[PDB]
Amino acid sequence: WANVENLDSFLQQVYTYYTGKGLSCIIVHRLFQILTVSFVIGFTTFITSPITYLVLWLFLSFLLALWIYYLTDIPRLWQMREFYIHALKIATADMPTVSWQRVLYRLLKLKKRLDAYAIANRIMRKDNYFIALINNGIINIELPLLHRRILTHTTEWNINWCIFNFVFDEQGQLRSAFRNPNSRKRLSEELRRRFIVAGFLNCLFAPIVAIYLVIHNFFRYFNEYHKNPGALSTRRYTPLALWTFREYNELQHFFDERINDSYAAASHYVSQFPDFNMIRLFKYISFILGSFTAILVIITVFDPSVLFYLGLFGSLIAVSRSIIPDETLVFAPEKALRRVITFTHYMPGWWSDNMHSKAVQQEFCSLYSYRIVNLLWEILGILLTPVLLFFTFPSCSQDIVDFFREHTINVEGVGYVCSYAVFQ
Amino acid sequence: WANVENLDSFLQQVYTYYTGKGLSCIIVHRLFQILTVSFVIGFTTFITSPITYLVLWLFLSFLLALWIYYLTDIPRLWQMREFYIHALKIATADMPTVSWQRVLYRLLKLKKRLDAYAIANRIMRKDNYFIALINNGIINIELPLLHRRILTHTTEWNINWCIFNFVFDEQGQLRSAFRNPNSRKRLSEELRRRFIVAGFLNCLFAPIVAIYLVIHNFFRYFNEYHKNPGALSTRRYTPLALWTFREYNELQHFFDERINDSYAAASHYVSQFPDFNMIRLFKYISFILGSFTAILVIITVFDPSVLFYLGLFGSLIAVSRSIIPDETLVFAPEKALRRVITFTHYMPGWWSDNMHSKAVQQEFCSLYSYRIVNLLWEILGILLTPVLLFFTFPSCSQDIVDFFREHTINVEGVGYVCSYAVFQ
Amino acid sequence: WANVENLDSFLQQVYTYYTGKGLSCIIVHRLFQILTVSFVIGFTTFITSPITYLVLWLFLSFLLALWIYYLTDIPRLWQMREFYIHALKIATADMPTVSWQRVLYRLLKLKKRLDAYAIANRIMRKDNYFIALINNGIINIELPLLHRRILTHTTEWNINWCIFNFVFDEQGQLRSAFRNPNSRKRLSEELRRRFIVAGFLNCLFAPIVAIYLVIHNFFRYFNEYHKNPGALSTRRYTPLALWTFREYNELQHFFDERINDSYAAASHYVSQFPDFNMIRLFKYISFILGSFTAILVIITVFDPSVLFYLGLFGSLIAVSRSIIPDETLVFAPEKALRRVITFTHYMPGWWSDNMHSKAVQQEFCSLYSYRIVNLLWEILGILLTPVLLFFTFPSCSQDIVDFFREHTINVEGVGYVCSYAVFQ
Ligand SMILES: CCCCCCCCCCC(CCCCCCCCCC)(CO[C@H]1O[C@@H](CO)[C@H](O[C@@H]2O[C@@H](CO)[C@H](O)[C@@H](O)[C@@H]2O)[C@@H](O)[C@@H]1O)CO[C@H]1O[C@@H](CO)[C@H](O[C@@H]2O[C@@H](CO)[C@H](O)[C@@H](O)[C@@H]2O)[C@@H](O)[C@H]1O
Ligand SMILES: CCCCCCCCCCC(CCCCCCCCCC)(CO[C@H]1O[C@@H](CO)[C@H](O[C@@H]2O[C@@H](CO)[C@H](O)[C@@H](O)[C@@H]2O)[C@@H](O)[C@@H]1O)CO[C@H]1O[C@@H](CO)[C@H](O[C@@H]2O[C@@H](CO)[C@H](O)[C@@H](O)[C@@H]2O)[C@@H](O)[C@H]1O
Ligand SMILES: CCCCCCCCCCC(CCCCCCCCCC)(CO[C@H]1O[C@@H](CO)[C@H](O[C@@H]2O[C@@H](CO)[C@H](O)[C@@H](O)[C@@H]2O)[C@@H](O)[C@@H]1O)CO[C@H]1O[C@@H](CO)[C@H](O[C@@H]2O[C@@H](CO)[C@H](O)[C@@H](O)[C@@H]2O)[C@@H](O)[C@H]1O
Ligand SMILES: CCCCCCCCCCC(CCCCCCCCCC)(CO[C@H]1O[C@@H](CO)[C@H](O[C@@H]2O[C@@H](CO)[C@H](O)[C@@H](O)[C@@H]2O)[C@@H](O)[C@@H]1O)CO[C@H]1O[C@@H](CO)[C@H](O[C@@H]2O[C@@H](CO)[C@H](O)[C@@H](O)[C@@H]2O)[C@@H](O)[C@H]1O
Ligand SMILES: CCCCCCCCCCC(CCCCCCCCCC)(CO[C@H]1O[C@@H](CO)[C@H](O[C@@H]2O[C@@H](CO)[C@H](O)[C@@H](O)[C@@H]2O)[C@@H](O)[C@@H]1O)CO[C@H]1O[C@@H](CO)[C@H](O[C@@H]2O[C@@H](CO)[C@H](O)[C@@H](O)[C@@H]2O)[C@@H](O)[C@H]1O
Ligand SMILES: CCCCCCCCCCC(CCCCCCCCCC)(CO[C@H]1O[C@@H](CO)[C@H](O[C@@H]2O[C@@H](CO)[C@H](O)[C@@H](O)[C@@H]2O)[C@@H](O)[C@@H]1O)CO[C@H]1O[C@@H](CO)[C@H](O[C@@H]2O[C@@H](CO)[C@H](O)[C@@H](O)[C@@H]2O)[C@@H](O)[C@H]1O
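Protein chains in written order, with the entry's author numbering: chain B, 177 to 225, 252 to 313, 332 to 524, 537 to 656; chain F, 177 to 225, 252 to 313, 332 to 524, 537 to 656; chain J, 177 to 225, 252 to 313, 332 to 524, 537 to 656.
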């Protein structure tokens, strides 16, 4: 590896081999991914059975492209596995459980600079620019009519292809033409001619991706969402909430740990806002039905459709007892919210006034939505991303170019990084 | 509010509007309260159907008095809601979740002194005297024959009407005649002529209140206590335990929070005292029945009323497994008790010797009783309070007067407070 | 002050009015400064008494220029005094003792951003670039032949006139042409044509400044350095040591406090390196002379030029006792050095190996020199600065330009600051 001369991509591959947990796990996951896609395709073309033949040929050609890419990438995985076993001296059996600090320790042992912070800046060199574009509103992801900021996975794929393939070298570093203030008019017009091409390609590949996605999600979740409604209120952070919470140089797996360790706190928080005027009503109704049931039971022990009424009242009382919280339950929304914020690290300025508020809870529930709503939006966004790539993104092209010139700072030994990554 | 000149009652109304959680919640609770009373009355007069007409007229006249009082009080609630929205700038939607410290912050912003501690001393000016009368034995609430200290809700209503209406101004402050040591013989005899009148009124309104209370509690709890015995061992603090734990100037909702946050610790503590000589016996019996069942099952797999015996033994073994605790369970009564005391703040002097003891647990279970026992005593105390108001309270009248003269201290900017409130 | 539009210079004037401690103290100091200069001139032209008339006319013309400038600047001082009394509400009697945090508090009360850190970045906007040029070797201040880094006060005056008058606006901010990478060849050649002009002016004003300086220092220090040699070993930090210790955005008076609070630690540290092979010799010599003196005193009490020998031996023994340290004295150079570094905040990388070392002490004594050596070098540097401005500075001109383009970062609300000021 002494002849890399492309240290950024090498470190990124080291990291994605770590988070993939070795060649075995990576190959297994990719295999089951293409198997799931192919099963969806085959089962959908079976239960429904010219135009059908042509669209099936299209789908299977995409599947074969995926397969061919995976087969092409296998050798790079082997090179990295060899680098892990031999150079890093990390056992193939230690992969699913070794930490990133241990890999960093071995990597510093093996060998301008390779500090932990430097390696984080080199792995996340483009992700930091993405965090800074999204969080600072440099790029407008708000729909023109629906008035909503949506960040699907196709949105960020298109952002990474239009911008970060155009702004960064093949060697993976900010091109020279993006700090020259005189070229700000040529680049800011060769960038709209990329947004337009990506919008054209998405207007062709977005229907046949949203269709596959809705079919896959239906097949996967129909069983649970019609035979287990308890798992219908499972809440998760929206994909835009996961880029609002992200910090700079915070590698993906650290972020995943500290976000998964926050769902307990968030589920607790969103429950600290009961409806007392409704709890009181249901307490009253439970009292009435309990009086009726007491009379009925005390009269049936002396005269053995009163059983229908007894069953109905038992059902209604069991319904009511679920709404009525425990007596010895202390509701404290502000400390629940602070317990959440110790994980999400995200407290807007105007929260600090009223963290007990209900408006704060409305906002946090805009960030922490239902999983089914997240699915509906991850399907509608694949359709509405061409709207962005045609109407809101070109108008924001100039700014983007300027953002890469103003807010780029040279950190010695790393290179040109985002200027926001060096503050926080 | 610049023309109040009755700051104590104004602050008390601010506080009870806070703890009632706004005009909406207060009105809803009062409405469902009169609805529950009226439903009990109507259903009891229905399932049972002169004397009946007369007693029904009496009950409905009391109900109408309650209704008329609530309708009379509504305008004061509106005045306070206006003061909350306009002057305090607390949103009507922030009421169920705003804290008392936020209300104090707004109230100090708006405007002798209005510190947090001063407002607590003005809201709890009579409650501090009550805590000091009850905890220091100035007033004797021990029954003459049953030899038990009972503090029902009617007991404290009678104490607040006999004493605190006679001792405190209409403006809500210690009358002047109660610090003059020469009038200690006139006041200590105009106070027995109040205990006697209250005893006479209670000997008339105590039967028709205990009757309503037992009917209400029967209707409410018969369903749960005959169809869910698991909620028969629900333990709660007796009303006298809640005045023993109360601290001075600790507003009601803080006390409620720290008492509700103690039921987990108390339930844990009362379980750290198993019967080892009984656990051993049930372990032996489970072993015997398991041997029998093993033989029976191993003999029925070769010869398919042995099923009756198998079912009976399964039932008995399931019974036995519930008593036998887990093996890896560590019983530690002293640290459980300390975990409780960190909430109740109540450790008598003689506990500090043996907090591992069983006598300490007997006392704490006198404080932390069963809810059904609490109901039986809250019904028997409504009957036995005239005994107090006739025989034990007059004999303790003199002391009471002296208590208000000796143990009153003038805190500057607040007024005459209890001398115990300023120590702890 | 709402119409300033030159916030940087306004804040710098606020700060220099604070550190000057009011109009009274500023005027008094300037007055005694011109009085000291004029006294030196008059006394030197008196004790020595064409060429004399001409050089005296030159000196007095410089004095009159200084006087005229002070008289010109008085009105700005009055404007700032009014701003301090009226707007800031800081009493004229509170000036010599008010802190900078109190001035910051008042200034934030009065009114893109005016945080403490922002005001520090605006006051020290050019000083941060100076710290970064000097500490990072962007500019070469090492003499070509003597091989020594000298930073006189004239050196930094010339740096501030050649560079910071050319690089920064009249409004006080980095000119636009210094971030355009295409103009790096025009600016890097209009900067050598400034170093050359400054070298020419210094080759004319350096003799008649070094002469005045040596005369002033002779007059001031001859008395103390010939009639009090105890104040000849007074050590101070060299002017280059005071730019090596300086941190970014550390205002001048904070730096002065933490450097003055370090001279005790430095004086302690430089004494932890005694010469044991010399202490032993002087102990032996003191023993010999004490034996001789004991014999002489015990023989003169029986036979009253032995007195000459007794006096000489007393003198030599008094000399020896000064070198020999106390017995109960514990020498610990490493913790003395750490006590120093807690103030200077300056520990090179190669110190961390051997902080007990003698080479570390040699380096620290290169930083912490004798005051008389500092005077000799502050006089020789005024002569040798044209050498820098002619031979070492032009060769380093290009780099300087690049330094202002590479290492400039835009902090929002402040402006273009040095990129090193935002790290540490
Ligand atoms: C005719 C078929 C049409 C569509 C086919 C299927 C859709 C496309 C799938 C392909 C592909 C993009 C890349 C292709 C690049 C190959 C080059 C192509 C040829 C170029 C010549 C999907 O990538 C995205 O697909 C999205 C759906 O399309 C998913 O959205 C979801 O929607 C809802 C669903 O439940 C969800 O609720 C919602 O939460 C999602 O937002 C995303 O989750 C996913 O990231 C695969 O790449 C990626 O897949 C993901 C796991 O998916 C892998 O994540 C992790 O990997 C390990 C960490 O390294 C971890 O250890 C591992 O734990 C983890 O899995 C990635 O590593 C990577 O492998
Ligand atoms: C009709 C056939 C359907 C075919 C659909 C397209 C098939 C091609 C997909 C291939 C392709 C898009 C590229 C070409 C797209 C051109 C326009 C596409 C328009 C559609 C016509 C998607 O593939 C990527 O998708 C990403 C999203 O899941 C995954 O990131 C996961 O996220 C976490 C989840 O939370 C997981 O936890 C984590 O383990 C994964 O990292 C990747 O693992 C995956 O490889 C590969 O490019 C990718 O390069 C890299 C940056 O160089 C970017 O990957 C990530 O970005 C950050 C995000 O988080 C991550 O921080 C960072 O880790 C990573 O850098 C992507 O931006 C993407 O650009
Ligand atoms: C012909 C009918 C005969 C009897 C009728 C019903 C009995 C009397 C009910 C009337 C009334 C006294 C005041 C009357 C003043 C009006 C003036 C009258 C006209 C004057 C011209 C009951 O007051 C007491 O009644 C006792 C029973 O009698 C209860 O004992 C119980 O027994 C067992 C039961 O389950 C229990 O197990 C046991 O734990 C109890 O000890 C007590 O809990 C209760 O305090 C109503 O006042 C009070 O009610 C209570 C909630 O009850 C309100 O508490 C809170 O309010 C909010 C904080 O501000 C909170 O936010 C809210 O959460 C909370 O609710 C108070 O605010 C206040 O409203
Ligand atoms: C045949 C028809 C049946 C009619 C029965 C009587 C109907 C009249 C009841 C009306 C009346 C009694 C007054 C007249 C009684 C005369 C003799 C009665 C003999 C019966 C013939 C009861 O009404 C009160 O009862 C209290 C008890 O629940 C409630 O306090 C709740 O406690 C917590 C629970 O734990 C809750 O959490 C909390 O939210 C509530 O505060 C009050 O909310 C309620 O208003 C109103 O007067 C009341 O004034 C105030 C102090 O000026 C006192 O209230 C409280 O005291 C402290 C205790 O804790 C509290 O610290 C303090 O907050 C408050 O100051 C009472 O002492 C009482 O005197
Ligand atoms: C024909 C005569 C030839 C020469 C004349 C005399 C030499 C020049 C003197 C003028 C002048 C430069 C500025 C002129 C600007 C006016 C505009 C001109 C007209 C433009 C149209 C000297 O400035 C420098 O002069 C150097 C010598 O030249 C000194 O070097 C010394 O050498 C050895 C000596 O002992 C030393 O050992 C060695 O340690 C030094 O390095 C430096 O100490 C001094 O900084 C005055 O400016 C500055 O003086 C200094 C105190 O001097 C003031 O420092 C502080 O002020 C307060 C904090 O705000 C503090 O509260 C106050 O405590 C403190 O005092 C500054 O505020 C400022 O006022
Ligand atoms: C034949 C007649 C002799 C006439 C000789 C020249 C007379 C002119 C002198 C006037 C002039 C030089 C300007 C023109 C020079 C052109 C070329 C000169 C060639 C000579 C032919 C010197 O005047 C300054 O000299 C400084 C040095 O003492 C003083 O700083 C003191 O340092 C501490 C000590 O340790 C004291 O503690 C502290 O209180 C003082 O701040 C200043 O107080 C003083 O005003 C005024 O310009 C000045 O502007 C400012 C930055 O805008 C700079 O001041 C400081 O720089 C940092 C340093 O530390 C400081 O951090 C910072 O506080 C301040 O910003 C200077 O760089 C200088 O440029």
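Positions of the beta carbon are idealized from the N, C-alpha and C atoms, including for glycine.
Answer yes or no: the CB of J/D347 versus the heavy atoms of ligand 6, is any distance below 6 Å?
Inclusion of J/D347 in the 6 Å shell around ligand 6 follows from its C-beta lying nearer than that to a non-hydrogen atom of the ligand.
Just the C-alpha distance for B/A564 and F/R345, rounded to the nearest angstrom, thanks.
Each residue's alpha carbon lies about 27 Å from the other.
Measure the C-alpha to C-alpha separation of J/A293 and J/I287 and round it to an integer number of angstroms.
Take the alpha-carbon of J/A293 and the one of J/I287: they are about 6 Å apart.
Do the segment 377–388 of chain F and the segment 406–425 of chain F touch if we need at least three Cβ pairs shorter than 8 Å?
At 8 Å Cβ cutoff, the stretches touch.
Compare the C-beta of F/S487 against all C-beta atoms of chain B and say whether one is closer than 7 Å.
Cβ-Cβ to chain B under 7 Å: no for F/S487.
Given a limit of 9 Å on CB to CB distance, which residues of the segment 279–311 of chain F reach chain B?
From the segment 279–311 of chain F, only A293, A295, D296, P298, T299, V300, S301, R304 have a Cβ closer than 9 Å to chain B.
Here's a check: name, in chain order, each residue in its chain whose Cβ is nearer than 7 Å to the Cβ of B/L394, leaving out the five neighbours to either side.
By the criterion of a C-beta distance shorter than 7 Å, B/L394 is surrounded in its chain by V387, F388, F636, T640, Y648, once the five residues flanking it on both sides are discounted.
Count the C-beta pairs between the segment 458–469 of chain F and the segment 594–612 of chain F that are closer than 8 Å, then say yes if the count reaches three, no if not.
Pairwise C-beta distances place the segment 458–469 of chain F in contact with the segment 594–612 of chain F, as three or more of them are shorter than 8 Å.
Check: B/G198 C-beta below 6 Å from any heavy atom of ligand 3:
No, ligand 3 has no heavy atom inside 6 Å of this Cβ.
Any contact of the segment 266–276 of chain J with the segment 206–221 of chain J, i.e. 3+ C-beta pairs under 8 Å?
Contact annotation: the segment 266–276 of chain J touches the segment 206–221 of chain J, with at least three C-beta pairs closer than 8 Å.
Return the first residue and the last residue of the alpha helix (DSSP H) that F/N348 is part of.
Residues 345–355.
Span separating the alpha-carbon of F/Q630 from that of B/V592:
Their backbone Cα atoms lie some 56 Å apart in a straight line.
Can you name the residues of chain B whose CB is closer than 7 Å to the CB of F/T212?
In chain order: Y504, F507.
Check: J/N356 C-beta below 6 Å from any heavy atom of ligand 2
With a cut-off of 6 Å, the C-beta of J/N356 is classified as distant from ligand 2, since no heavy atom of the ligand falls inside that distance.
Cβ-Cβ distance between residue 230 of chain F and F/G645 below 7 Å:
Since the numbering of chain F jumps from 225 to 252, residue 230 of chain F cannot be located in this structure.
Evaluate the contact criterion for the segment 340–358 of chain F versus the segment 610–628 of chain B: three or more CB pairs, one atom per stretch, below 8 Å.
Not touching, per the Cβ criterion.
7 Å Cβ cutoff met for F/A568 and F/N348
Contact flag unset, no.
Going by DSSP, name the residue or residues bridged to B/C650.
Looking at the DSSP assignment, B/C650 forms a beta bridge with B/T640.
Name the residue from J/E638, J/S651, J/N642, J/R304 whose alpha carbon lies nearest to the alpha carbon of J/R404.
Distance check between J/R404 and each of J/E638, J/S651, J/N642, J/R304 places J/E638 closest, using alpha-carbon atoms only.
Chain B contact for J/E638 (CB, 7 Å cutoff)
Interface residue, yes.
Listed from N- to C-terminal order along the chain, which residues in the segment 465–495 of chain B have their beta-carbon within a distance smaller than 7 Å of any beta-carbon of chain F?
Answer in chain order: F493.
B/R500 at chain F interface by Cβ criterion, 7 Å:
It does; some Cβ of chain F falls within 7 Å.
With hydrogens ignored, establish whether the beta-carbon of F/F425 is closer than 6 Å to any heavy atom of ligand 4.
Taking non-hydrogen atoms of ligand 4 into account, the C-beta of F/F425 is found less than 6 Å away from one of them.
Which residues bound the beta strand (DSSP E) around J/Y457?
Run containing J/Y457: 455–457, per the beta strand (DSSP E) assignment.
For F/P449, which option in F/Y602, F/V562, F/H588 has the closest C-alpha, if you only look at C-alpha atoms?
When only C-alpha atoms are compared, the closest one is F/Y602.
What does J/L394 pair with, by DSSP beta-bridge criteria?
The partner list for J/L394 (beta bridge, DSSP) reads J/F388.
Is the shortest distance between the beta-carbon of B/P580 and the beta-carbons of chain J less than 7 Å?
Using a Cβ-Cβ cut-off of 7 Å, B/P580 does not count as an interface residue toward chain J, since no Cβ of chain J sits closer than that to its own.
Please work out which residues of its chain come closer than 6 Å, Cβ to Cβ, to J/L187, disregarding the five sequence neighbours upstream and downstream, and give them in chain order.
Correct list, in chain order: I339, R342, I343.
Is any heavy atom in ligand 6 found nearer than 6 Å to the beta carbon of J/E470?
Not so, every heavy atom of ligand 6 lies at least 6 Å from the Cβ.
Is the Cβ of B/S453 closer than 7 Å to any Cβ of chain J?
Judged by the 7 Å Cβ criterion, B/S453 is not in contact with chain J.
Could you tell me whether the segment 190–201 of chain J touches the segment 217–224 of chain J, where touching means 3 or more Cβ pairs closer than 8 Å?
When C-beta atoms of the segment 190–201 of chain J are compared with those of the segment 217–224 of chain J, fewer than three pairs fall below 8 Å, so the two segments do not count as touching.
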